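When we count neighbours, we look across all protein chains shown, and the Cβ atoms used for this are built from the backbone with ideal geometry, even at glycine. Only the coordinates and a few stated rules stand behind these numbers; no lab work does.
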Amino acid sequence: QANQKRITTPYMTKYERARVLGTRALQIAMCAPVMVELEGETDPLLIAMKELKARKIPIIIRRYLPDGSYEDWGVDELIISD
Amino acid sequence: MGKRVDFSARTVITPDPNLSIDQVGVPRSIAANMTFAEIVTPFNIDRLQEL
Amino acid sequence: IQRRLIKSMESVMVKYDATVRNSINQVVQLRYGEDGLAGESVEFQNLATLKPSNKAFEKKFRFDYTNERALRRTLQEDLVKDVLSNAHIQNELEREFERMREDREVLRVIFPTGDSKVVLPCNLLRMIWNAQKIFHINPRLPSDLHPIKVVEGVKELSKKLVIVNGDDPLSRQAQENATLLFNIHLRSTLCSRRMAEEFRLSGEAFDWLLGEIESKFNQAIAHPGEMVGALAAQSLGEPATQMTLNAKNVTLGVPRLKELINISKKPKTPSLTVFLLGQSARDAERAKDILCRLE
Amino acid sequence: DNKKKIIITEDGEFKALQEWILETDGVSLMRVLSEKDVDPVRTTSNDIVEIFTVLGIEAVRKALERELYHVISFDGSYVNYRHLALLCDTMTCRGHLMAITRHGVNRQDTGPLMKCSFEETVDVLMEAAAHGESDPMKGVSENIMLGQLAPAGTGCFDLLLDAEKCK
Amino acid sequence: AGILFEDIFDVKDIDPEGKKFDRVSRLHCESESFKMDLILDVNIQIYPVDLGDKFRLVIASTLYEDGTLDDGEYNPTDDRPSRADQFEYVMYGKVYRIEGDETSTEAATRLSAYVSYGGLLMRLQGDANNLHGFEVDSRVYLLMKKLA
Amino acid sequence: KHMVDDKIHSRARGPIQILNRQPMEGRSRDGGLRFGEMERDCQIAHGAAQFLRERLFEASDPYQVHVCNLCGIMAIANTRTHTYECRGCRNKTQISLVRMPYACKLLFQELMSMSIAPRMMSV
Amino acid sequence: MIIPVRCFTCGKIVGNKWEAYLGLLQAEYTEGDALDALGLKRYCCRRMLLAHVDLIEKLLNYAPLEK
Amino acid sequence: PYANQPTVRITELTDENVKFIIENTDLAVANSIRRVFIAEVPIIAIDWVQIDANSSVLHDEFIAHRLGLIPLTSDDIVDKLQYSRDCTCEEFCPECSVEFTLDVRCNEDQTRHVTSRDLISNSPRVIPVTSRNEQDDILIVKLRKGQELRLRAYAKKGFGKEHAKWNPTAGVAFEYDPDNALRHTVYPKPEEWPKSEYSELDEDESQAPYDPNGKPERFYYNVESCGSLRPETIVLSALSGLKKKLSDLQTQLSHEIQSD
Amino acid sequence: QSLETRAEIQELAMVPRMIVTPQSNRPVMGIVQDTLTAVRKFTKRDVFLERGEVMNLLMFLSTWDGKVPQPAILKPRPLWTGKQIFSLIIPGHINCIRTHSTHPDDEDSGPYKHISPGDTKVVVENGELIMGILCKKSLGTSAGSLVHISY
Amino acid sequence: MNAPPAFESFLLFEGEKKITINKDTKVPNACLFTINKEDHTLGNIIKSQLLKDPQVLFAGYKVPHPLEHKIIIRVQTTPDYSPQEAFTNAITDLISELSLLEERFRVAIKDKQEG
Ligand SMILES: [Zn+2]
Ligand SMILES: [Zn+2]
Ligand SMILES: [Zn+2]
């Protein structure tokens, strides 16, 4: 599939947001480096949401198409609504 | 398709005008029986040692 | 019935190409709900060009650029001079009205009964009211919004509301169809005349309104991964728990719902609704003659 | 007005003509339609099977949507049309009237494990054994039974670590 | 001054439709100096008003005798000279509608300003000359005093 | 008679049933609450796939089996000596670990009891 | 089973009034006049005396466990 | 910005109740006084029981609960005794508790009424009210021949917030504005309602004319005593307790202000 | 029992995300028994609150900016109205038109359309309850109510 | 099973402060007094006494949850005054009022028993 033309939505779905936040929160809880600055946050979920708001989550969403191909979107490339 | 699960609780429900819509008032015995496995980090090492 | 519906639709889902498909990957709907919109964001609205007469439709939606003093009351001086002098603008507004009249006929064939209640994503009247109050629009003073700006902005907005993505002619036609009803509602609500003598928005208010419509529409789009089949089974089974178990007698409620979902070769009260063509539709004697020829 | 004749006057207004209509206690849509002074355009029936036999799959799709809407809304309720449309497309997407029963749901190519979850567990699995059927694990039931992430909602995609951005 | 309107009104009717609320009463009044109709909702429990009464009504944009805007916030510890001192009944509300007899081409000869004092509604309708001070979504005061 | 103290119940990793290694039934048995078919359907509608997997796999009866990559039938594993072999295929190198519910393993074994061959093919 | 000590509502002592209440009733008082004689003026305490069922008198018809 | 100057007028004083009127005070002060009558006026009540023998038809907790609700004369002793929280002794001592003993055995053929008269105390000042030197004695249990009840109770200092057995009142009637002049009530049909005992209205008049400038003043009280304290002792102890609550609050307030 | 499932529930299944149902594109939860009878009584035209009562009620607003609003009646005695406090409860700057259940059907035709004698015809503007008695039609689970428009 | 001891409504837990003062940042010259192990009995009188101070702009209290045993009293005063000073003066005034009421009730009792 041509990465120059990705047909899927440029928005992050609610399910993508949910799973990305959960995954990154688990990664933080397992002592992964944090990409944003931290005032006093110790809850991995809060840190993951701060990273998502900052657009600094190092995860790629591989969206599968019904035909079998896939499209890779960086979390910073998608439009975060909520 | 359906099965019994751990980390579940059940009791009678009761009104509480002083909870927000997204809150649930839980007894201390249900909460003392049920547990959440929290991973240790330097961010929470002290609090989890306290617990 | 609830369990049966769930097991029948459980794996139907909105895919990342925005089609609704089952587990076999067969296509159930090319776009969810024929419009690719989620059911939480839509809401009840009214099509303003459906019910009115031809005279009323003309009077309410045809921008009148000949009445100098009426334009002087609605628009500012430079806008009035540009509207009265320029003929390019006048042709733009004329084609706007022709497009709205075509939309009127399309609605008339879509809704053969005169029911303007429709369910659409963005509550345009509420957004217009929000813009009126956010920018402190004075309904008594002439507006600084150029009707050509209204036409151009609505056209660009319509281009930005995309349910089906693609420049190919097939994607173009599917895009036309997916947002047809909403674009008709939008062109009849954000009309240049209504925006000039009804809403009286300013340029700032209109630009904010366009952005708000675009954002809320993009928010109403269904998300890939929505289990619309399980959701629909629940949406149809939950009301079934309230409706009752028990001229002519017609079966209704859970018994009729059962007869429908599990295809019954012997309905409880099979019936026709025969409609008459000519004078039989008006007079009772010939209607009785047809009744005798049927019974 | 739902049964009146709604026309558009020459002035462009919707006008509800009050006309005679007949309601029968049986159905011969095939015959009644082909009668003099009977409207062959609006005359319909509530027996969806006859609508399918006489008018076809898209006609029965529309009629079935109408009848389900009538059942739902008769008590004043309202259901979003996309749910009725999805149910009606499920029952008509394969060219025939697919009942929501074992006779319609377990007769499609959904895979033996999805079918055994619904009804006829033993018969379905035994038929699949006799015929060597293979379940591709595409539905949610099959993955749920095997304890795998259902391709549903948060499971309809994969996550990959971004090596170039961890810096 | 900060006064949008001032006139003397005469209570011509009280609750034509009947008493709708116990402590609130609707007065249909007419002035003499300007020929303006008035519908007014008043708390008759604390400020009773009888049929045929005569009062001075003053719609103002502010209470301070000097031209000075208000913040819409309650400041009971305010020692400035307020014009509420010269009146008995004072309410505080906002204009939520201005109707008129305007056409597509002609301006309005008669206006109709609608004000809501926390739900107590007022309609002051008459010549458009006397209602230029009223603008929708604008806060005003009632400043009403009974006279013999 | 219905006092709350006779109804309140909670569970966190208590006893399990013998046949299917799932939580017991009842307060008296310190059992777990049933996450039934309707709860599964509700969470499918929610789109919560990991929560659904937690409730129907990880909070009920997590289990592991060893499958032959050739015949897809549960193999014989010996983790102490690390010797895995399928008696059917007579191989001991192409075995794979599969994390499945215990109830699903029990189902597949009760199907093999019926001469049905449910072959879990990992490719 | 036995007369409560306090009125459930107010907390007035009614435990010392059951025997006097019965003695007034066998003295051909009406229940209302008897309750007035004992000073039960609130209808809560009148409820306490008027609705009491002395079950202990029936439980004392059984011989105890030890002689 | 300063305190009220309330006045008092006692309209009836018996051994059973005190009926008085407080004027020129706020409704909040009046209701806090009313609440303290019920919930923060300490008294002595049995709060510890040890059943050595109970062959009666009522189980042990029944007898214990029943003993806890017997009022004990607390007039001068309650101020002297300490809370067992504050006592520096073991479980009990005479500075924070009063010992009672009860030992009854039905040997005779008629039913034996174990009453509050059988609660024998070590302290002569703290005794059951009915046993004080008419009203009969509170009935603890009826015993049949061969039944026996022997127990040892300890009475403690507490107030009604902890348990209603430490509540000294047998009803606190509280009222204000008997004629509905403030219109804090709104009678749909004012003619249908009976007149308050404190009303001053002619019978044709149902309620007083509405007072727009009015505030609740002149609160009427009828504090009925369960027996432990005298009614006037209940009122005086209520005022003292409320004042000490406020004094402690002010002490802690001063510590918080100065610590900042 | 995991951060991933916790995030899933927090981002998908939390109750505020569940206020509007896709079944019928309206709220699924609304104001209910005591709060609904009481808000009906509270937003009547003749509900006047005193300064202490108003402060008592403002203690229970979580989303309060700490500014006491100017009372609707300044003289002879400061009085706030129930609509004036519900205006503080109403969030944002939402705009809503509804009609109380007792709204006569022949009132929107005659005069007094915008000044309702019965205090029917709910009108909220810029997040202030300009007029009308709130009820099931305004705070219930129907479409276009204040709770729906707020969501 | 879950019944708290009845003394928990009145008794302070170890390390728990009777009163805590927190500056309210929404408006100036406002404070929140979180008082533990008190209820409407003191909250209502303190609020109503604070309302008698013309230098007090706001005085309110709430019991955030009946099952919990604390109150919060919000006090806003004029800029020249302080909410802590207002709260102190309110308590002083209540104490003086109750002392006067107690002395006058003693006098009334003495008159009633004597004549
Ligand atoms: Zn093998
Ligand atoms: Zn009583
Ligand atoms: Zn001691």
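For chain I, what does the helix formula give at 222 nm: sum of -39500 (n - 2.57) over DSSP H segments with n ≥ 4, over the residue count, nearest 500 deg cm²/dmol?
Working: 6 runs with 45 residues, N = 151.
Helix contribution divided over all residues of chain I: -7500 deg cm²/dmol.
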Practice item. With everything on Cα atoms, drop me the angle between helix A:44-54 and the longest principal axis of chain A, reported from 0 to 90° to the nearest 10. Key: 60 degrees
Review point. Regarding chain J, what are the three Cα extents along the principal axes, ordered largest first, in Å?
Key: 58, 51, 22
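So what's the back-of-envelope 222 nm ellipticity for chain H, counting only DSSP H runs of four-plus at -39500 (n - 2.57) apiece and dividing by all residues, rounded to 500?
Numbers: 3 runs with 51 residues, N = 260.
Theoretical 222 nm ellipticity from helices: -6500 deg cm²/dmol.
If I take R0 = 41 Å and measure r between the Cβ atoms of residue H:259 and residue A:54 in this structure, what FRET efficiency does the formula 1/(1 + (r/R0)^6) give, to the nearest 0.05?
On the way: r = 39 Å, r/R0 = 0.96.
Calculated transfer efficiency: 0.55.
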Check your understanding: Taking a temperature of 25 °C and a viscosity of 0.890 mPa s, what whole-number D in µm²/s does Stokes-Einstein yield for the range C:132-243 with Rh from Kirkwood over alpha carbon pairs?
Key -> 148 µm²/s
Point to revise | Proximal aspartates and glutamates to residue E:12, defined as alpha-carbon separation beneath 17 angstrom and excluding residues fewer than eight positions away on the same chain | key: E:30, E:32, E:37, E:41, E:50, E:53
Check your understanding: Which is farthest toward the positive dipole end of the range H:43-164 among H:159, H:82, H:65, measuring Cα position about the Cα centre, with Cβ charges +1 (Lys, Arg) and -1 (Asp, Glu)?
Key -> H:65
Check your understanding: Along the charge dipole of the protein assembly as shown, Cβ charges K/R +1 and D/E -1, which of C:145, D:156, C:134 sits furthest on the positive end?
Key -> D:156
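Just flag the chymotrypsin sites (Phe, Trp or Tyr not before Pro) in chain G sitting in loop per DSSP whose Cβ has no more than 16 other Cβ atoms within 10 Å. Mind showing how you got there, number by number?
Values: sites: G:8, G:18, G:21, G:29, G:43, G:62; in loops: G:8, G:29, G:62.
Taking chain G and a limit of 16 other Cβ atoms within 10 Å, the loop chymotrypsin sites (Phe, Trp or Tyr not before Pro) found are G:8, G:29, G:62.
Hey, what's the Kirkwood Rh for the range F:41-121 if you take every pair of different alpha carbons, in angstrom? Can you show the working numbers first?
Values: mean 1/r = 0.0709 Å⁻¹.
It works out to 14.1 Å.
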**Study point:** Fluctuation leader among D:16, D:59, D:128 - chain D, Gaussian network, Cα springs under 10 angstrom
**Key:** D:16
**Study point:** Scattering profile of the range D:6-79 at q = 0.13, 0.18, 0.21 Å⁻¹ [log10 I(q)/I(0), Debye over alpha-carbon scatterers]
**Key:** -0.54, -0.93, -1.07
Point to revise | Cα-based Rg / Dmax (Å) for chain H | key: 23.1, 74
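Just to be sure I follow the definition: excluding the sites themselves, where is the longest run in chain E that has none of the GluC sites (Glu not before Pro) in a DSSP loop with at most 13 other Cβ atoms within 10 Å?
Working: sites that count: E:17, E:32, E:106.
The answer is E:33-105.
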Review point. In a solvent-free Debye calculation with one equal scatterer on each Cα, what is log10 I(q)/I(0) for chain E at q = 0.18 Å⁻¹, listed in the order of the q values?
Key: -1.11
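Please list the three semi-axes, largest first and in whole Å, of the ellipsoid equivalent to the range C:1-77, using sqrt of 5 times the eigenvalues of its alpha carbon gyration tensor. Could you put the intermediate results ahead of the total?
Values: eigenvalues 485, 46, 26 Å².
Working through the eigenvalues yields semi-axes of 49, 15, 11 Å.
What pairs from A:5/A:50; I:75/J:26; C:133/I:75; H:243/J:17; C:149/E:94; I:41/I:113 go past 24 Å between their alpha carbons?
Values: A:5/A:50 30 Å; I:75/J:26 29 Å; C:133/I:75 30 Å; H:243/J:17 20 Å; C:149/E:94 33 Å; I:41/I:113 22 Å.
Flagged as over cut-off: A:5/A:50; I:75/J:26; C:133/I:75; C:149/E:94.
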Review point. Averaged across the residues of D:39-52, what count of C-beta atoms belonging to other chains lies within 10 Å of each residue's C-beta?
Key: 5
Study note, to complete from the structure: Taking max minus min of the Cα coordinates of chain D on each principal axis, largest first, gives extents in Å of 71, 54, 28
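Just how large is the dipole of chain I about the Cα centre, in debye to the nearest 20, putting +1 at every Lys and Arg Cβ and -1 at every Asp and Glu Cβ? Walk me through the intermediate numbers first.
Working: 17 positive and 15 negative charges, 66 e Å.
Using only the charged Cβ atoms, the result is roughly 320 debye.
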Check your understanding: GNM, chain A, Cα, under 10 Å: largest mean-square fluctuation among A:39, A:51, A:16?
Key -> A:39
Review point. Placing +1 at every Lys and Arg Cβ and -1 at every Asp and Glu Cβ, with all other atoms neutral, what dipole size does chain G have around its Cα centre, in debye to the nearest 20?
Key: 380 debye
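Rounded to whole Å and ordered largest first, report the semi-axes of the equivalent ellipsoid of chain I derived from its Cα gyration tensor (root of 5λ). Display every interim value, and only then the final one.
Working: eigenvalues 193, 98, 28 Å².
The answer is 31, 22, 12 Å, longest axis first.
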Review point. Can you give the translational diffusion coefficient of chain A in µm²/s, computed by Stokes-Einstein from the Kirkwood radius over Cα pairs at 37 °C and 0.692 mPa s?
Key: 243 µm²/s
Study note, to complete from the structure: When the charge dipole of chain A is computed with +1 at the Cβ of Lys and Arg and -1 at the Cβ of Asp and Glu, the Cα pointing farthest to the positive end, of A:28, A:46, A:79, is that of A:79
Check your understanding: Across 10 Å bins from 0, what is the distribution of all Cα-Cα pair distances for the protein assembly as shown, in whole percents?
Key -> 1, 6, 10, 14, 15, 15, 14, 12, 7, 3, 1, 0, 0
Practice item. Using only the alpha carbons of the range H:157-252, determine the length spanned along each of the three principal axes and report them from longest to shortest in whole angstroms. Key: 51, 33, 22
**Study point:** Under 11 Å from the residue H:52 label point (7 Å along Cα→beta-carbon), backbone N, the range H:142-175
**Key:** H:150-153
**Study point:** Average beta carbon contacts from partner chains per residue of J:8-19, 10 Å cutoff
**Key:** 3
Check your understanding: When you count, for each residue, the other Cβ atoms within 10 Å and take the mean per peptide, how do G:50-61, H:157-168 rank with the highest first?
Key -> H:157-168, G:50-61
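Do any trypsin sites (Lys or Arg not before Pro) in the range I:76-130 lie in a loop, going by DSSP, with at most 12 other beta-carbon atoms within 10 Å of their beta carbon, and if so which? Display every interim value, and only then the final one.
Working: sites: I:83, I:98, I:113, I:121; in loops: I:98, I:113, I:121.
Passing both the DSSP loop test and the Cβ count: I:113.
Taking the Cα centre of chain A as origin, sum charge times position over the Cβ atoms of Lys and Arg (+1) and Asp and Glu (-1), and report the length of that vector in debye to the nearest 20.
Numbers: 12 positive and 12 negative charges, 49 e Å.
The calculation lands at about 240 debye.
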**Study point:** Shielding by partners, peptide E:42-49 (average Cβ within 10 angstrom, other chains)
**Key:** 4
Exercise for review: Could you work out how far apart the two model spin labels at residue C:88 and residue J:80 are, taking each label as a point 7 Å from the Cα in the direction of the beta carbon, and quote it in nm?
Suggested key: 6.9 nm
Review point. Under a plain spin-label model, where a point goes 7 Å from the Cα along Cα-to-Cβ, how far apart in nm are residue H:199 and residue C:59?
Key: 6.4 nm
Practice item. Name the most mobile residue of D:54, D:41, D:140, meaning the one with the largest mean-square fluctuation, in a Gaussian network model of chain D with Cα contacts below 10 Å. Key: D:41
